[PDB]
Amino acid sequence: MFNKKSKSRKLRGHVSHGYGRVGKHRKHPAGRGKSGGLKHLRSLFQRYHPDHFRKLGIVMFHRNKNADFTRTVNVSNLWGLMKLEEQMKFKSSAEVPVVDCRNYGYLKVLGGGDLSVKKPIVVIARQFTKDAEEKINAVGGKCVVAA
Amino acid sequence: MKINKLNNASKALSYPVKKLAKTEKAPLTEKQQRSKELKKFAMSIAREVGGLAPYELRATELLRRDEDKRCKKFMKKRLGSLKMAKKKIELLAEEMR
Amino acid sequence: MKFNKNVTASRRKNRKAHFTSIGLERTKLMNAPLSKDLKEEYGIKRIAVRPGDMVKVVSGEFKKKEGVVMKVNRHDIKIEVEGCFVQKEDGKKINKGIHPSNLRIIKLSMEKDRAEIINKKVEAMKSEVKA
Amino acid sequence: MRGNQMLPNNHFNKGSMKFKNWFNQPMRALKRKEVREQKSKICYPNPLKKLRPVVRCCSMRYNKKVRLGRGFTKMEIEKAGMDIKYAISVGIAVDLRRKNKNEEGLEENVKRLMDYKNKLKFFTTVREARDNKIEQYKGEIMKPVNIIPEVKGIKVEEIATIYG
RNA sequence: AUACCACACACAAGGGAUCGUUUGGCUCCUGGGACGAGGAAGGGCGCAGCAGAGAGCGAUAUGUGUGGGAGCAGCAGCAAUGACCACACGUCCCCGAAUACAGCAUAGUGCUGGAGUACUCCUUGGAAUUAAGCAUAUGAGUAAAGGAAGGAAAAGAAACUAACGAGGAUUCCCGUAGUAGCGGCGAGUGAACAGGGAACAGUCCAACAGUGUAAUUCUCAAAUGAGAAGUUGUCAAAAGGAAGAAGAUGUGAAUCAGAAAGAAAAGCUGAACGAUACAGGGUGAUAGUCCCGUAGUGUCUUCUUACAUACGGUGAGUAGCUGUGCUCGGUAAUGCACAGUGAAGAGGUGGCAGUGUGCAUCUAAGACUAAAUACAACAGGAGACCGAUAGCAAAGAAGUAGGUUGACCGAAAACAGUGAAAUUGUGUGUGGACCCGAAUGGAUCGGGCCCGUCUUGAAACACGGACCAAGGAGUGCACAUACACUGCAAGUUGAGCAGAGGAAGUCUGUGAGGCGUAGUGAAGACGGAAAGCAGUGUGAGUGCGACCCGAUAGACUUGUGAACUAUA
RNA sequence: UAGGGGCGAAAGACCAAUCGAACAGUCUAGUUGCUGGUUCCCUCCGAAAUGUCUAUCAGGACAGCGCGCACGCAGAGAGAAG
């Protein structure tokens, strides 16, 4: 629902506000923040967060996100990049489509699934998996590497 | 995570541009030549009027005894840079000759 | 509707401006309508009531009465009209003050500067009316 | 701390921390509008904004996209037959720090200069323009678009010879 | 129970709750940002026909000029020979930087000092607190204390990023990002380039000034002379303008009558009339036409702003190095200092120490700069804010009455409305602490220990509570989360910002980024299942005063005290 | 002669009814695993005072026992017979 009354409004008239008579509601009975984790809170850490207290891995003091950013597509989705009206033309037509993945912000092609239509296609990208290359060549298509 | 998917080989590719050659600036006009001459001249007069400094004397003395590696170490400690030391040794050597 | 944003529409501000008025702004509070005939004799539609002028009371206890203005109280905004009074237990009579807007002018007192005051207002109209 | 959560990390410890609210947003927008309007009167026939070059964006992530830059280089201006003092008088921006390193980048910026020169109109006095009822151009001048292109088709014999 | 004690009801006392009202407060936005040796800010003392406080003003203590025009609030007297108001000017006692002074510059005249300091710049520099203890670390380069300036201040045109097919001063907004990293690798901390915008602007000095004559600046004279500064180096050109903005002020439509009733009609009833004006205020009850305005229209006054000469590639106790202390996310040194040592004319940099070598990009150790950005006093406009125990401490002579030896500390009180409860007197009734169940003409019968709270356990010889009114305690924001509801869906979104529009609302663009569309490893590298995004709300975790109240303590000040008491 | 300072024929005495570390004001609404309080009605369901680890023993966390929403569904705090 888009709106509902709160619990606090029902607790008017009931002594302890739902915190108990014996236990009460004190200020900080367990400590502040995420502290105590090697000591009295060891059971919470070993159950939910086992890889917290450690150092790991190779270090580079400065990294650049733009130099490493990439996005991946599978062969089964190649025909899907085209508009539905465009798909329905190339399905019947005698011509071969020329699809450039760079134009949709994809740089690497993966070998997942089968091609939607079993007719030739030209695919342009920066990198192909070994499975992807074999699948495209199977239908008489061509893989073109480009920057 | 949309990071670290390409190999280093494919990241190194590049688009085939057509380059423009750099415009060389080798010609030096008459007035620029006289300007440089006068500055180099002035540097002579100072050396003639006031002579060498204490560490330059100590350095040149070692060069006469062929104490090349001692002189190298000495100059490194005085000037800080191993490059400045290599340059100053070459200038002092030429002065003695 | 009001489209000028420099003029206030706050109840608190309008009320303070009324009661704390001084000088010429105070005189504007003492204006009354003229009768139909006088609005042909002179150009003006309304004037500040002064002693000696002749007025018909058009609202309140003393409705229908006519008389001469005796006094003008500027601090407590009221006019005293000849023959409008109440009698105390003592038999002593006290004039009761009437608010300017409940009066209407029947004859003008033309003593002193009144003729020049009227002239000044008529000219101010025509100056812009004829343009 | 109890139950399963992502471990907290909320940075509100520092008592000297300032807060910035934005209640002024609609009013400051209205002031910027009114300043542009009055500035536009002071130079009535002329556009409020200058002409700027087209450059290519920086990293591997943005190579394939073109953008506006700061100013034309002395070489671009000279190649289109103008001189620097004249270019300024006609509302072209100049940047003497930039260098040219490609044939393509130079050729495109020369086209912009020649196009702009052709679309201009000159007047003796302000009153002449006013009497002709000239309406002054607003916004940026000749901005790039960078749309997504369209899928080209090719005959099976071509596949062996060109590769898209 | 004649008269005491209790309860109920009527009347009179006693108190000031409740309801109705408000020339005050608070918050947001816009303008403004105006002091002083020509004596300021702040303190004291005087001035009225009757005058204490407060307001106003200086021995001229209501004077002059301009524009208006009717009374001066009480009593006595004044006033078209100008009552009163508004704009400017003249006069302006004593103390106070307080100066017949101190320091300092010029040929000479002079300038500084004190006040204010919310916002900006430069120094100096804590502790409480968090780590469930505590010492490194955190709070925090924050508080406190000092110096300085303006309407803004600081910064600013690369000894700059980047490795792309590259860009191109500074500042500000959206974002990269709670990331790369720093850290008893604990608690916790934490930037930069890109990509989308607002606003846009570049220039000076030194190096390096006519030698057929310092051509340069100043003073007195004079109509063409004397003298000072300067060769340890002076001297490198334009008037000019209409636009733009803010205030002040003039004008400005249209109604009368009536039964009943009231102190009073503007209500109610009938008949009219205005509108580019039905925003709002005042009138003896609720008014378009009774009064002041409003929509629409005129005038006038201030302020802001604009054309000329000559040039380059070497700015030293500096950059750097060794030791040392502080600092930063900066990690085998990010920035800043001190002592030793100390360059080259060619040098600096490319987030990990060293040596060599190509390559790319820049030019330090001298200066100036608009716009876009921040926020007190004072002025103006608004509000789903508060309504006299609230809202500022302060709706009246409030930083006042009053108080400290001193630094410093600090109230109450609205309407001549309404008039509750506690509590008191008188009269009339009913009972002997009172409640629940059941009744009589009438004696009474049966059942019940004092509530709230910690606790295995309270009627307790456990604690809090004499009585009544009013006030009085799980809230707001950020970040992940599960559920319910809504739109679209391999996609999704109110980023900022632009265009329209009598406008803090709404509508439309342009257009980033983020998360999703499949995972595995420290990584090189490899790849093969699972609807999401953005909101409206609820339960719940963490950080901030964090449900409300409460320590003994710690630190910091260019703050105060030897009137009591100790000793010379 | 003034506060981590004074002054003392010495008692930790005295320094404005305050001294085994003065007063004023600020940081500061310092902190609290400890004591006190925490404001309307009816309907339905309904506990625990035990185990492991803890500078842990007047406190926590994890598990066990409540409630809400519930995809779904042959089971049972009892007997026989081997």
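Residues numbered from 1 in each chain as written, not as in the entry; some residues may be left out. Chains lettered and ligands numbered in written order. Part of a larger assembly, values for the part shown. Heavy atoms only, no water.

In this section: the packing of helix α3 (residues 54-64) of chain B against helix α5 (residues 82-96) of chain B. When two helices pack together, their arrangement is given by the angle between the helix axes and by the axis-to-axis distance. Residues and elements named next belong to chain B. Two elements in contact, α3 and α5, have axes whose closest approach is 10 Å; the angle formed by their N-to-C orientations is 70 degrees. On the basis of the axis angle, α3 is roughly perpendicular to α5. On α5, the residues touching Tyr55, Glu56, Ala59, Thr60, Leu63 and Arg64 of α3 are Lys88, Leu92, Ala93 and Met96. Among the residues forming the contact of α3 with α5, the class breakdown is six nonpolar, one polar and three charged. (Axes fitted to C-alpha atoms, helices over the stretch in contact; angles between N-to-C directions. Helix = DSSP H or I, 4+ residues; strand = E, 2+ residues; numbered from the N terminus. Parallel < 35°, antiparallel > 145°, perpendicular 65-115°, else oblique. Contact = heavy atoms within 4.5 Å. Nonpolar A, V, L, I, M, F, W, Y, C, P; charged D, E, K, R; others polar.)

Residue and element names in this part refer to chain D. One non-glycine residue, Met142, lies in positive phi territory at about 50 degrees. For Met142, the position within the fold is in the loop between α5 (126-132) and β3 (152-154). Residue class for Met142 comes out partly exposed when judged on its relative accessible area of 24%. You will see that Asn146, though not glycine, has its phi angle at about 55 degrees, which is positive. By the secondary structure assignment, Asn146 is in the loop between α5 and β3. (Buried < 20%, exposed > 50% of the residue type's maximum accessible area, 1.4 Å probe, protein only.)

Glancing now at the protein's contact with RNA strand E. Taken together, 166 residues are adjacent to RNA strand E, and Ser14 of chain B, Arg11 of chain C together with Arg28, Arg36 and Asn63 of chain D come closest. Atoms of RNA strand E within 4 Å of the protein belong to the sugar or the phosphate in 69% of instances, the rest to bases. A distance of 3.1 Å separates a phosphate oxygen of RNA strand E from a polar atom in the backbone of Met60 of chain A. Interatomic distance of 2.9 Å between a side-chain N/O atom of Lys65 of chain D and a sugar or linking oxygen of RNA strand E. Here the surface near RNA strand E gets twelve residues from one element, more than from any other, and that element is helix α1 (residues 25-42) of chain D. Across the surface near RNA strand E, the residue classes tally to 46 nonpolar, 54 polar and 66 charged. (Near = heavy atom within 4 Å. Polar contact = N/O pair within 3.5 Å; in protein donor to acceptor, adjacent residues only side chain to side chain.)

Residue and element names in this part refer to chain B. On the surface, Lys69, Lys72, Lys73, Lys76 and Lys86 cluster together into a patch of positive charge. When residues in the positive patch are grouped by element, the largest group, four residues, is from helix α4 (residues 68-79). The residue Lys76 is located in helix α4 in this model. Assessed through its relative accessible area of 38%, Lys76 is described here as partly exposed. (Patch = residues over 30% accessible without salt bridge, like charges linked within 9 Å, V, L, I, M, F, W, Y side chains within 5 Å. Areas by Shrake-Rupley, 256 points an atom, 1.4 Å probe, with all protein chains shown as cover. Salt bridge = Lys/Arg side-chain N within 4 Å of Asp/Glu carboxyl O. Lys, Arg positive; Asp, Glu negative; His and termini not counted. Charge placed at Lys NZ, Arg CZ, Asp CG, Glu CD.)

Now for the UniProt feature "binding site: Mg(2+) 2" (unreviewed entry) in chain B. Residues and elements named next belong to chain B. Using the residue numbers shown here, the UniProt feature "binding site: Mg(2+) 2" (unreviewed entry) corresponds to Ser14. Mapped onto the secondary structure, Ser14 falls in the loop between α1 (8-11) and α2 (30-50). Classification of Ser14 by relative accessible area gives exposed; the value is 63%. (UniProt positions renumbered as here; feature names shortened; annotations may be inferred.)

Attention now moves to the interface of chain D and chain A. Facing the 22 residues of chain D at the interface are 29 residues of chain A. Taken together, the two surfaces of chain D and chain A that pack against each other cover about 2400 Å², and 67% of this comes from carbon and sulfur. Summed over the three residues of chain D that lose the most area to chain A, namely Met1, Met60 and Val151 of chain D, the buried surface amounts to 27% of that side. Viewed at the interface, chain A and chain D are joined by zero salt bridges. Between chain D and chain A we count four residue pairs in polar contact in total. Grouping the amino acids of the side of chain D that touches chain A by side-chain chemistry returns twelve nonpolar, six polar and four charged. Here strand β2 (residues 96-100) of chain A runs beside β3 of chain D; their pairing, made up of three bridges, is antiparallel. Residue pairing across strands places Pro97 of chain A opposite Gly153 of chain D, the latter belonging to β3 of chain D. (Buried area = accessible area lost by both parts, 1.4 Å probe. Pairing = 2+ DSSP bridges.)

Let us now look at the interface of chain B and chain D. Listed per partner, the contact involves six residues of chain B and seven residues of chain D. When chain B packs against chain D, the two sides together hide about 620 Å² of surface, and 60% of this comes from carbon and sulfur. Our count for the contact surface shared by chain B and chain D stands at zero salt bridges. Grouping the amino acids of the side of chain B that touches chain D by side-chain chemistry returns four nonpolar, no polar and two charged.

All right, on to the protein's contact with RNA strand F then. Residue and element names in this part refer to chain A. Surrounding RNA strand F, one finds 22 residues, the nearest of these being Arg26, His28, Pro29, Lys39 and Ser43. Looking at RNA strand F alone, sugar and phosphate atoms form 63% of those within 4 Å of the protein. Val15 is positioned such that a nitrogen or oxygen atom in its backbone is 3.4 Å from a base nitrogen of RNA strand F. Here the residues of the surface near RNA strand F are counted per class, giving seven nonpolar, six polar and nine charged.

So, about the arrangement of the chains. The structure contains three pairs of chains in contact, of which chains A and D account for the largest number of contacts. A gap remains between chain A and chain C, with no contact made and the closest C-alpha atoms lying 36 Å from each other. Of all C-alpha pairs spanning chain B and chain C, none lies closer than 55 Å, and the two are not in contact.

It is worth spelling out the UniProt feature "binding site: Mg(2+) 1" (unreviewed entry) in chain B at this point. UniProt annotation of "binding site: Mg(2+) 1" (unreviewed entry) refers to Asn4 of chain B when read in the numbering used here. Mapped onto the elements, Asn4 of chain B comes out in the segment before α1.

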